[PDB]
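Enquirer: Chains as they are written, first to last, in the deposited numbering: chain A, 1 to 64, 68 to 557; chain B, 5 to 215, 231 to 356, 361 to 428. Backbone N, C-alpha and C fix where the C-beta goes; we use that ideal spot for every residue, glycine too. Sending over a structure as structure tokens; questions will come in a sec.
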Ligand SMILES: NC(=O)c1[nH]c2ccc(Br)cc2c1S(=O)(=O)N1CCCC1
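Below you can see the structure in the form of structure tokens.
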């Protein structure tokens with residue numbers, strides 16, 4: 001049965017004609033297998049014979068566990084076909100679904116082959132069964148329905164199924180139907196008897212539209228394995244995750260493990276991947292063995308422990324608020340959970356992202372909130388109420404003084420260490436009784452060598468030589484010198500906007516080990532005031548460290 | 005009625021811009037709005053064979069409880085710039101910025117009485133998404149001039165002129181400028197008299213279907244770079260002063276620092292009070308004078324885009340500069356304030376855009392001191408305007424903020 005549904009008009013891309021690819025000669029057994037397949041398809045309205053008048057062509061092949072299959076290579080027609088609207092804009096997350104009393108899945112029989120193809124387009128679907136040893140013509144057909152492997156099939160199928168379902172939906176708004184490829188998931192809160200009854204009424208409304216579906220006795224029982232998930236009407240989990248037992252790990256084994264651990268992270272809280280991931284850095288062939296670092300071994304063990312014993316999530320109650328909680332798991336690692344009723348998770352997740360080169364826990368926490376806020380809008384249409392391991396004073400102090408704008412949705416502090424905090428502060432004013440260090444760095448672009456140094460108001464001076472640097476590196480090297488030689492309380496004056504910008508943002512972690520050394524020093528001080536002056540002016544101490552540091556390096 | 009043919013920019017396709025995720029209440033407001041437009045024939049449902057897309061949102065719109073649908077035609081506007089700008093461009097009047105009073109009126113309803121060329125409709129496609137992607141998006145395209153598309157005012161131009169004709173004849177000294185979905189009405193009348201003429205204008209629009232915001236461009240003055248005035252100057256204070264002066268120059272010609280720097284010779288402590296040799300005081304003396312005046316040499320170039328930079332100053336304050344060439348400031352200003364950073368930045372942007380429309384007839388491309396994603400999720404929460412400017416996301420330079428405080 002081909003559906004009586006109206007047809008979707010189709011077009012070739014602008015300034016293009018249909019495909020005209022010649023048919024390769026086939027073996028006799030293949031021609032034969034194809035003649036049988038087509039006569040059957042023709043005797044069902046799926047395809048139709050045409051002549052040598054239509055000028056387009058698409059290759060056909062035949063392949064074989069011992070039954071023949073027809074293969075049409077639509078590559079060329081696909082390149083000439085217009086673009087369509089995307090089939091799915093995203094897939095639902097199970098955490099966002101509502102709990103259901105009864106749920107069934109109907110798989111649509113011969114999906115594509117039940118929807119008609121635009122009359123004016125059929126012509127470009129022309130294929131030829133060749134004659135024996137090519138001597139002679141060939142049998143020529145064209146499609147009447149949506150072809151397997153054709154660009155427009157998926158979208159046209161789904162649109163047709165959407166048009167066909169509307170009538171039913173209106174008369175049964177208390178019923179959910181989700182369209183996925185050629186399956187239909189049907190959910191209701193009805194008693195088993197009236198659900199079975201509404202299915203049948205559905206199965207028959209579809210039948211009237213040229214679409215077949217399995218009957219009771221033939222339709223599967225929950226749990227439904229779908230998209231890597233296992234769905235029960237009252238709960239959800241990810242499909243069974245087996246972490247292999249291996250004596251030797253190859254890159255391909257670590258990549259697969261990492262992907263399974265990332266997948267499990269949606270519901271198993273605390274899953275970690277950073278040490279395992281560090282191992283995939285650099286990398287050789289997919290086949291090369293990688294010794295597991297210690298760290299990697301502890302992470303695996305910790306993950307293994309989290310994974311023994313199933314964990315399931317609950318579904319969404321739209322009448323209740325969503326609560327999201329976040330914990331710092333370590334350096335750059337964040338983990339979160341979302342619930343509506345304390346401790347019954349709808350879902351879990353982790354966030355790691357390094358945003359920039361130098362950063363702090365205040366900025367990372369706030370980026371994690373943003374990532375969760377976005378995900379929430381997607382899954383539930385609303386933002387959650389957050390519980391953060393950061394004191395309210397800490398947050399407002401930071402957001403208030405920083406130069407970038409921000410806004411978090413409603414949140415409350417929660418005492419779950421480690422608590423988020425700033426590790427040092429720069430003074431707003433120069434320290435009285437503090438030695439002033441005027442710093443500077445210089446680097447030669449040709450030789451790549453440079454010098455970093457300082458001159459203080461209290462007599463001191465120093466210049467150090469560096470060999471494979473950059474100006475930026477010298478300027479940071481200069482600041483570090485001043486922090487090493489100064490003792491608590493110091494005033495540092497630099498001409499580097501670059502180094503200033505970095506330090507003013509109160510970094511606690513960096514990609515640069517030099518930056519990390521500066522940070523470790525900054526946390527040790529009592530008071531640090533840092534200021535900037537334009538280079539190449541007469542500015543006191545500056546003009547002096549500049550000449551000192553320029554010597555031989557410009 | 006007949007339709008004006010519309011073409012894209014040669015070898016240029018339609019927009020295929022992703023629909024951002026919307027909250028439950030904005031999705032429901034849109035479903036409601038769109039169901040009513042469709043019933044009235046303004047838009048129709050479309051098939052999978054339309055691969056185009058333009059984003060859509062819902063806004064409240066100044067002191068109104070009602071939801072307004074807002075279509076983001078930024079991309080389509082880019083793909084149709086020869087049509088609305090060269091083919092059917094709307095002249096911008098230079099006298100507008102001079103009027104004492106400018107009133108902004110929303111005239112977008114005018115558009116739905118005009119039909120859109122059948123062969124262009126497909127490019128106006130947009131989608132209403134569902135939560136969790138549990139159902140397919142509701143797909144539509146327009147049958148009439150859409151709001152937010154710069155082709156609509158260009159096409160409706162002739163009818164607008166017929167409509168405003170008697171009022172303009174009767175009031176030779178009032179300037180009326182259309183920009184996108186709004187009308188800008190300026191006069192030099194006393195305020196009650198200005199408001200009276202505005203109500204009269206509303207009566208004329210009302211005879212043709214159509215059915231405000233109050234500026235004072237003439238009162239749009241300065242916003243210099245200010246220098247500190249003080250007794251007892253520190254080494255630290257002097258450095259900060261030359262730093263700011265040094266930066267002031269590059270934009271301002273004449274700024275001098277030698278004397279200020281001469282004050283700083285040797286390797287001094289920051290907390291060292293240093294008496295200003297009169298030679299110096301005469302320097303920031305003339306600099307202070309330099310800074311109080313305008314640029315000189317900077318003019319608007321109509322063939323160039325306008326850029327706007329904004330700095331978060333703290334405690335409700337924001338600074339901004341509009342220019343085409345960096346350092347060649349056409350305008351500078353400030354904006355001051361339940362208000363978060365996003366809500367305040369959102370109002371500053373709309374405020375800067377409106378002045379820019381009034382002054383030059385075009386919107387600036389904004390460089391926003393905010394994380395993209397934060398802006399993306401929050402902006403429509405406080406957006407009230409019917410247009411949307413172009414924007415980028417930047418990280419404010421450390422000193423730039425202090426130099427504009
Ligand atoms: N729309 C829903 O809220 C919904 N809720 C469910 C709960 C459990 C099961 Br099993 C299926 C469901 C469904 S469903 O059947 O539509 N569909 C399952 C795949 C994604 C949505």
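At the level of alpha carbons, what is the spacing between residue 21 of chain A and residue 79 of chain A?
Expert: Cα to Cα, residue 21 of chain A sits roughly 8 angstroms from residue 79 of chain A.
Enquirer: Any heavy atom of ligand 1 inside 7 angstroms of the beta-carbon of residue 67 of chain A?
Expert: The model contains no atoms for residue 67 of chain A, which sits in the stretch where chain A goes from 64 to 68 directly.
Enquirer: Verify the contact flag: residue 234 of chain A, CB atom, against every heavy atom of ligand 1, threshold strictly below 7 angstroms.
Expert: Checking the Cβ of residue 234 of chain A against ligand 1 gives yes.
Enquirer: Identify the continuous alpha helix (DSSP H) that holds residue 268 of chain B and give its terminal residues.
Expert: Premise fails: residue 268 of chain B is in no alpha helix (DSSP H) and is neither H nor E.
Enquirer: Per DSSP, what kind of secondary structure is residue 233 of chain A in: helix, strand or coil?
Expert: Residue state, collapsed to three classes: strand.
Enquirer: Starting from residue 162 of chain B, trace the alpha helix (DSSP H) in both directions and tell me its first and last residue.
Expert: Per DSSP, residue 162 of chain B belongs to the alpha helix (DSSP H) from 155-174.
Enquirer: Please tell me whether, using a cut-off of 7 angstroms, the distance from the CB of residue 190 of chain A to the nearest non-hydrogen atom of ligand 1 is below it.
Expert: Yes.
Enquirer: Using 10 angstroms around the beta-carbon of residue 90 of chain B, count the other beta-carbons present and answer buried if the total reaches 16, otherwise exposed.
Expert: Residue 90 of chain B comes out exposed.
Enquirer: Hey, residue 47 of chain A and residue 145 of chain A are a contact pair by Cβ (cut 8 angstroms); roughly how many whole angstroms apart?
Expert: So it is a contact: roughly 7 angstroms between Cβ atoms.
Enquirer: Taking contact to mean at least 3 C-beta pairs separated by less than 8 angstroms, is the stretch 276-286 of chain B in contact with the stretch 537-546 of chain A?
Expert: Because the criterion of three Cβ pairs below 8 angstroms is met, the stretch 276-286 of chain B and the stretch 537-546 of chain A touch.
Enquirer: Just to make sure I have the definition right: I need the residues of chain A whose C-beta is within less than 9 angstroms of the C-beta of residue 71 of chain B. Which are they?
Expert: Under the 9 angstroms cutoff, chain A gives no residues; its nearest Cβ is about 15 angstroms from residue 71 of chain B.
Enquirer: At least one CB of chain B closer than 8 angstroms to the CB of residue 162 of chain A: is that the case?
Expert: At least one chain B Cβ lies under 8 angstroms of residue 162 of chain A.
Enquirer: Mind pulling the beta strand (DSSP E) runs of 3 or more residues that sit fully within the stretch 257-335 of chain A?
Expert: If we require 3 residues or more, the beta strand (DSSP E) runs fully inside the stretch 257-335 of chain A come out as 326-333.
Enquirer: Helix, strand or coil: which one does DSSP assign to residue 67 of chain A?
Expert: Because chain A is numbered from 64 directly to 68, the model contains no atoms for residue 67 of chain A.
Enquirer: Does residue 368 of chain B come within less than 8 angstroms of chain A when only Cβ atoms are used?
Expert: So, interface residue.
Enquirer: Which residue or residues does DSSP assign as beta-bridge partners of residue 133 of chain A?
Expert: Its beta-bridge partners are A/141.
Enquirer: Taking 7 angstroms as the cut-off, does the CB of residue 325 of chain A come closer than this to any heavy atom belonging to ligand 1?
Expert: No - ligand 1 has no heavy atom lying nearer than 7 angstroms to the Cβ of residue 325 of chain A.
Enquirer: When you compare only the Cα positions, how much space is there between residue 213 of chain A and residue 4 of chain A?
Expert: Each residue's Cα considered, the two are about 7 angstroms apart.
Enquirer: Counting only C-beta atoms, is residue 397 of chain B closer than 8 angstroms to chain A at any point?
Expert: Cβ-Cβ to chain A under 8 angstroms: yes for residue 397 of chain B.
Enquirer: State yes or no: is the beta carbon of residue 197 of chain A nearer than 8 angstroms to at least one beta carbon in chain B?
Expert: Closer than 8 angstroms: no.
Enquirer: Got a sec, what are the start and stop residues for the beta strand (DSSP E) residue 377 of chain A sits in?
Expert: Run containing residue 377 of chain A: none in the beta strand (DSSP E); it sits in the alpha helix (DSSP H), 364-383.
Enquirer: Skipping 5 residues on each side, what residues in its chain have a beta carbon closer than 8 angstroms to that of residue 8 of chain A?
Expert: Excluding sequence neighbours, residue 8 of chain A sits near 121, 155, 159, 162 and 163.
Enquirer: If you draw a straight line from the alpha carbon of residue 463 of chain A to that of residue 523 of chain A, how long is it in whole angstroms?
Expert: Cα to Cα, the separation comes out at about 23 angstroms.
Enquirer: Taking DSSP as the reference, what is the three-state secondary structure of residue 544 of chain A?
Expert: DSSP places residue 544 of chain A in helix when its eight states are reduced to three.
Enquirer: Would you call residue 107 of chain A buried or exposed, if buried means 16 or more other Cβ atoms sit within 10 Å of its Cβ?
Expert: So residue 107 of chain A counts as buried.
Enquirer: Buried or exposed: which applies to residue 24 of chain A, given that a residue is buried once 16 or more other Cβ atoms fall within 10 Å of its Cβ?
Expert: Exposed: under 16 other Cβ atoms inside 10 Å.
Enquirer: Leaving out the 5 sequence neighbours to the left and right, which residues in its chain are closer than 7 angstroms to residue 319 of chain B when beta-carbon positions are compared?
Expert: Excluding positions up to five away in sequence, the list reads 349 and 383.
Enquirer: Check the Cβ-Cβ distances between residue 122 of chain B and every residue of chain A, and say whether any is below 8 angstroms.
Expert: For residue 122 of chain B, the answer is no, since every Cβ of chain A falls outside 8 angstroms of its Cβ.
Enquirer: Apart from the five residues on each side of it in sequence, which residues of its chain come closer than 7 angstroms, Cβ to Cβ, to residue 242 of chain A?
Expert: Same-chain partners within the cutoff: 228, 231, 232 and 233.
Enquirer: Is residue 383 of chain A near ligand 1, going by C-beta to nearest heavy atom under 7 angstroms?
Expert: No, ligand 1 has no heavy atom inside 7 angstroms of this Cβ.
Enquirer: Under 9 angstroms, CB to CB, which of the residues in the stretch 285-304 of chain B have a partner in chain A?
Expert: Of all residues in the stretch 285-304 of chain B, 285, 286, 287, 288, 289, 290 and 291 have a Cβ within less than 9 angstroms of some Cβ in chain A.
Enquirer: Is residue 49 of chain A buried or exposed, if buried means 16 or more other CB atoms sit within 10 Å of its CB?
Expert: Classification for residue 49 of chain A: exposed.
Enquirer: Going by DSSP, name the residue or residues bridged to residue 110 of chain B.
Expert: According to DSSP, which records beta bridges pairwise, residue 110 of chain B is partnered with B/186.
Enquirer: With a threshold of 8 angstroms between beta-carbons, can residue 419 of chain B be considered close to chain A, or not?
Expert: True, the Cβ-Cβ gap to chain A drops below 8 angstroms.
Enquirer: Using the rule of at least 16 other Cβ atoms within 10 Å of the residue's Cβ for burial, across every protein chain shown, is residue 156 of chain B buried or exposed?
Expert: Buried is the call here.
Enquirer: Using a beta-carbon distance cut-off of less than 8 angstroms, what residues from the stretch 320-339 of chain B approach chain A?
Expert: Of all residues in the stretch 320-339 of chain B, 330, 331 and 333 have a Cβ within less than 8 angstroms of some Cβ in chain A.
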